[PDB]
C-alpha cells in the first residue's frame, strides 16, 4: 500500500481524514513552483553559512542530526515567501483547523529549511517531538495528535536521492516490535508537494545513494498553542511582525491564543486582554 496522494485544490476536505486513518498523505502542489523558487532564493545564503547541527559555538546544539545536514529555523525574518505565502496557506489552515479543533488554536512549533548533502545516510526510524516535548510520551495512546509535520519538497524527492520513508498505520501502533525498514513506503514528490505526517507516524529521512544530489525540504511542525514552540520569534524586528496578517502573527506567538474549552480563559493574555490589543500591534503594514 503506497502513501495516499491528494490534490491541494480539489481534495482539501479529504487530506486530514486521510492522515488520521493512514498516518501519512502526499499533498500534490501544496506550494506553487513560484513560492518554492522564491523561498529557495531567500534561504539559499543562510543554508550556506549554517554550521554543523552540533557546532561548538551553539549553546543549544542538535546532537541527533547527521553532520551532512544543515537546518535553518526562524524563517520569518529571512523569507518574504514564508511569512506572507506559507504562513497564510489556505490549505495548511484548513488541515490544521480539521486536525486541532478538539484542542483549540494552533501555531508553528518549528518552520525550518533542511538541506541534506550528497551521500547523507538514512535516519533511524523515529517519531518526532521526543527530543523537545517529553510530555507527548505521557499522552493516552488514542489522544488526538497534538502536532503534525508538513515535509514540503523544495527539490525532487526520489528513492535514489533519499525520499522520506513512512510506515502507514504506525501512528496507531503501541507495540513497536514490527518497526523495520521492511515495513516502509517512500514519499516520491516534485518540488511544492508536501508529505503530511502526525507526531506518532514512524518515519525517517532516506539514504542519498546517487552521491551527487542535494535534497532540500521545508519542515513545518504545526502544533496546538498549548505546546511551546522549538523556535522563538522574540528577536524578530517589530516592523517585520507588523507587516504580517493577524493570523501569521498568531502562528509566530505575537498574539494571545485560545483553547477549545467552552469557557476558555485563553493563553498568553495580559489581565483579560490580548497581546495584540495591549501592545496596539499593527498588521499588514508594508516594509
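Numbering follows the first chain given and starts at 1.
- Between the stretches 17-25 and 274-282, it is 274-282 that shows the larger average CA temperature factor.
- As recorded in the PDB entry, 49-57 is the stretch of 49-57 and 253-261 with the greater mean C-alpha temperature factor.
- Note on the listed residues 147, 201, 164, 214: the highest Cα temperature factor in the record is that of 214.
- For the set 128, 98, 84, 105, the PDB entry assigns the largest Cα B-factor to 84.
- Residue 169 sits in the middle third of its chain by CA B factor, as recorded in the PDB entry.
- Among the modelled residues of the chain, residue 186 sits in the middle third by CA temperature factor in this PDB entry.
- The PDB entry assigns residue 243 a C-alpha temperature factor belonging to the highest third of its chain's modelled residues.
- The PDB entry assigns residue 77 a C-alpha temperature factor belonging to the highest third of its chain's modelled residues.
- Annotation for residue 132: CA B-factor lies in the lowest third of the chain's modelled residues.
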